[PDB]
Amino acid sequence: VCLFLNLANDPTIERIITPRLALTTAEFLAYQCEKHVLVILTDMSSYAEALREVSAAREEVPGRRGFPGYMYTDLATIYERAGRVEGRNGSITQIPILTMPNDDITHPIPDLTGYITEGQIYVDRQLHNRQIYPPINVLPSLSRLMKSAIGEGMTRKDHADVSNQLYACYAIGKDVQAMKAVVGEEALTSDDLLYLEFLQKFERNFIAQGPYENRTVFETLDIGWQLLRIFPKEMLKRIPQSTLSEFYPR
Amino acid sequence: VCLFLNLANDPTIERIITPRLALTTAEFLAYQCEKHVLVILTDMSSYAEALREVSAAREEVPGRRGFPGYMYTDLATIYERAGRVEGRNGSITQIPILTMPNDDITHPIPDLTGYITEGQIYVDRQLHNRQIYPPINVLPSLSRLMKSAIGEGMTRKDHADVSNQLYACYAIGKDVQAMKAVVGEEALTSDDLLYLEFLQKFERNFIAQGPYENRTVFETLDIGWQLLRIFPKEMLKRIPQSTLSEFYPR
Amino acid sequence: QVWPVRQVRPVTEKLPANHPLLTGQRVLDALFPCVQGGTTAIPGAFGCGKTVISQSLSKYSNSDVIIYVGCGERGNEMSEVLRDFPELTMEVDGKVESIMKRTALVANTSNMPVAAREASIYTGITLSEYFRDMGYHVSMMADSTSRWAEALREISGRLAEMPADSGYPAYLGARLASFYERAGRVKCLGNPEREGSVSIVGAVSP
Amino acid sequence: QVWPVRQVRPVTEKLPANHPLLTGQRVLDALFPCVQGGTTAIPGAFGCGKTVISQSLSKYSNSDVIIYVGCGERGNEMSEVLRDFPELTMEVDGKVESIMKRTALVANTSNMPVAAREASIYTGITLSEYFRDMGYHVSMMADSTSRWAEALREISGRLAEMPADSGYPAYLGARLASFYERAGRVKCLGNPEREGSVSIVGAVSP
Amino acid sequence: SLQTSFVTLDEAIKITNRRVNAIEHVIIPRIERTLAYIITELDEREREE
């Protein structure tokens, strides 16, 4: 492990070169010493605040919220130093870590970061206040390289369909729970109570994991099937018949 | 009396030095000639608006709704010229008068005034439309120097408890009044009707006074106890027991 | 001795916090506890109880030294301290001692100069670090750091600087962070092994 | 004689208003009375029956002089007033006369200069203060004061001035109050001991 | 049979009026408040640019 540490009692203008010495080592190790590197960049929001602080002292035409107008082209020269190259057996994976101001995902920093990175993992506050760990809200989370990393011969043939159906069920259950809390606990239909039981068991059994628990992928998929078995097999429209026939009746 | 009259067809930028002339006169009369002065400053809103106009004239940093960023430090040089000093037998009691735009108490003028002054007396429109005088709403009211000015040897031993209990009962009555607008007149309990009776008798006997009536504070406290005897002494959960043993039965 | 108020006094090491800061309130002790060496913020509107919470905390807590910074607030709230505290006492060895024998105030009220609201904050946190170095556990009450932010905005306006957010300078968060990063439990510089601590409780006035 | 429109004309004393403004309608005369020297406001909207007010004021009223003001009205809405007003009649001493023997009109449309659609209110009030100083009782009427406020906002905008609530200038209430403070009953300057009045009726379009 | 109808209709009327009063006194005012707030906050963002 190599550490570069800029604490909150340290100079602010160093934060501009800190993510670039950490990404120049990771590039030497991966593309010259041929190892697989994992780069963590903690508070990519402090870096942008230092950027704004230097741009405001130069009397430049400001962007949105005061951040520089070239913050997109600046974050893209940090985020785009990741991947594999031909002929060399090394890689670089990047996991930046933002904190959205006021839990706002349309702030300039999260907005511009979303235009550059391949997805995002969304840590929610509503799930935190109900003692769920890890409090990951899967509805605005996304991974754009998933379709080509999963499936038959890589993880298991039922991965994508289980994931799609779990997502659709969670969405429908949230849209139910809204008006259930609003208009009528008894005006709920007979199946508008299966989505609520799915909500509860999915947030307590699939999401909530444990701070030292290491699940395989196949355990995750088995729990997903145990949750999908709440619904009669006619309500799973996002799963083909060949997969339902092989995995549902257990 | 000494009057300083600046009317609505007079110079706007001279509204900035009128309260300072008034307060210099007050300080001379109080801290050098040793009198008890009472200063009435009428429409600090017009002072604040003349201040905004002069600030916008020379392009300074604004705060909320265009008011200058130094409006707190400017109102505080006016409001803070009021009190007593050690060794001199005078005082200065200030009573500014405000007008809140759109009855909003979050506007910059009332909001910055309430951070500087030691309380406020809230004049309500909803009580004016019911032909109530004085139309004073006691929930958004406050006085920050009351706790040290009431009690044994100052007014009477029970002042604070009666005040706190009247506050609690008034708030719960206003909660019930809004619950019944949804659940109807005939879904309330036996105690909700006690609260709805307290509300009426309070608004008509305690608040409503008449414009030339001078109630000594002991009359006020007797009216407060006559209002608190609506409830059994077990609903009055803010008054200690040794006060209820001496003042509740009478 | 003389020390620059903008340079942090050195230590040997910063340790983790393992002991409670007991206020006198049922809530804030049961539900949201602070520790000895932590950092707290009390945001609220006007009339909510930031000053009463701060003054009760400074009267009844378990700290050895109390520094009270009144930064841009009422001048009648410093006369309530200079009147109440010489009457309150605490028991040590049978003897009673007033709690003003271990308190220091730094007052810059709201009609005092606006530029001295900054110099006030740094004057307090440098006295919290002088006593912590002796081996004491200090608590520092900063009443309305929002007035410090307002002073910064005023000075930045007189300089014709580019605002950042709602008028404030772009370096506001840096100042706030480097001020709150001076609170903690420490192993004290020097040969006799001591252990000190500085807690900060900052009121915000949105 | 020549008089600047942004300066109030001098009087000997501003008296309190204690005499009715007779309009002729049973409502507005019993339930909601106005006085000679008062200030009224109506809603200026489409299809609300708004001409009754101005026609009643012109034909059957205790006023001596009438001053009508359009502050930026539509093009075809002005062509209706400039057609209807020269047609109204009164009866005096038994004979029938035209109301345009004691009436003056100020007429603007939406494409006339923006600095005339703004100074219209001041021209009207100066004319009425001129006829009040003779001993008469004048009643001014400003149609769509909102169309004046918008020309005010636009003149501000041109000068690159900081906006206020909803973009209107900072000095909007000051102007709207110093305008309506020019109405009332007065004792006129000068020797032959007379007394006059000005009654303003504004119209708003929310 | 008429009385049975009467009773069930009488209770359903109350339930529906409760729903109407809730949507009229609790929900719509809240939406209008959070609409006026958004208008104010956008007006405030414009004045800084």
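Taking the range C:2-74 and the strands (runs of 3 or more DSSP E) fully enclosed by it, the elements with 2 or more residues that are closer than 25 Å to C:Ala151 by Cα are at C:39-43, C:65-71. A count restricted to the range A:163-176 and to residues that are of a type outside the set (A, V, I, L, M, F, W, C) and surrounded by fewer than 16 Cβ atoms within 10 Å (Cβ to Cβ) stands at 4.
Just one of the numbered conditions (1) within 14 Å of another protein chain (Cβ to nearest Cβ); (2) surrounded by fewer than 16 Cβ atoms within 10 Å (Cβ to Cβ) is not true of B:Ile109: (2).
Check whether at least one residue in the range C:186-206 is within 14 Å of another protein chain (Cβ to nearest Cβ) and surrounded by fewer than 19 Cβ atoms within 10 Å (Cβ to Cβ), and report yes or no. Taking every residue of the range C:186-206 in turn, at least one turns out to be within 14 Å of another protein chain (Cβ to nearest Cβ) and surrounded by fewer than 19 Cβ atoms within 10 Å (Cβ to Cβ). Within 10 Å of chain B (Cβ to nearest Cβ) and over 30 Å from D:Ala164 (Cα atoms): is that true of E:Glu44 in this structure? Judged against the criteria, E:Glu44 is not a match. Scanning the range A:44-65 for residues that are crowded, with 16+ Cβ neighbours inside 10 Å and either more than 10 Å from chain C (Cβ to nearest Cβ) or hydroxyl-bearing (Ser, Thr, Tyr) (or both) yields A:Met44, A:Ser45, A:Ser46, A:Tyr47, A:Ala48, A:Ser55, A:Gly63. Which residues, taken from the range C:91-105, are surrounded by 13 or more Cβ atoms within 10 Å (Cβ to Cβ), farther than 22 Å from B:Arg144 by Cα and aliphatic (A, V, I, L, M)? The answer is C:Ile99, C:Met100, C:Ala104. Counting the residues of the range C:158-178 that are more than 20 Å from A:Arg64 (Cβ to Cβ) and either in contact with a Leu (Cβ under 8 Å, 6 or more places away or on another chain) or surrounded by 20 or more Cβ atoms within 10 Å (Cβ to Cβ) (or both) gives 1.
Number of residues in the range D:118-151 that are farther than 15 Å from D:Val204 by Cα and either assigned to a helix (DSSP H, G or I) or free of Cβ contacts under 8 Å to residues at least 12 places away in the same chain (or both): the value is 12. Taken across the range A:27-37, residues that are surrounded by 12 or more Cβ atoms within 10 Å (Cβ to Cβ), touching a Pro at 6+ places or on another chain (Cβ under 9 Å) and closer than 21 Å to A:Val85 by Cβ do not occur at all. Of all the listed residues (B:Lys174, B:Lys180, B:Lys201, B:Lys233), the sole one being touching a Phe, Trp or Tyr at 6+ places or on another chain (Cβ under 6 Å) and of a type outside the set (A, V, I, L, M) is B:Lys233. When the range B:144-156 is examined, which residues are found to be within 10 Å of chain C (Cβ to nearest Cβ) and either surrounded by 15 or more Cβ atoms within 10 Å (Cβ to Cβ) or not in a loop (DSSP other than H, G, I, E, B) (or both)? Passing the criteria: only B:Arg144. Taking only the range B:1-16 into account, find how many residues are exposed (fewer than 12 other Cβ atoms within 10 Å of the Cβ) and either outside any loop (DSSP other than H, G, I, E, B) or of a type in the set (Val, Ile, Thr) (or both). Looking only at that region, the number is 3. Applying the condition of being of a type in the set (A, V, I, L, M, F, W, C) and closer than 21 Å to C:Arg147 by Cβ to the range B:66-104 and asking which residue is surrounded by the most Cβ atoms within 10 Å (Cβ to Cβ) yields B:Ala76. When A:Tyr212, A:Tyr167, A:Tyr248 are checked against the criterion of being within 19 Å of A:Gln126 (Cα to Cα) and among the hydroxyl-bearing types (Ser, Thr, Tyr), a single residue qualifies: A:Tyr167. In the range C:115-138, of all residues being surrounded by 22 or more Cβ atoms within 10 Å (Cβ to Cβ) and touching a helix residue (DSSP H, G or I) at 6+ places or on another chain (Cβ under 7 Å), the one that is nearest to the other protein chains (Cβ to nearest Cβ) corresponds to C:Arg117.
Cβ: placed from backbone, ideal geometry, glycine included. Neighbour counts: every protein chain shown. Every read-out reported here was derived from the displayed coordinates using simple, explicitly stated rules and does not represent laboratory data.
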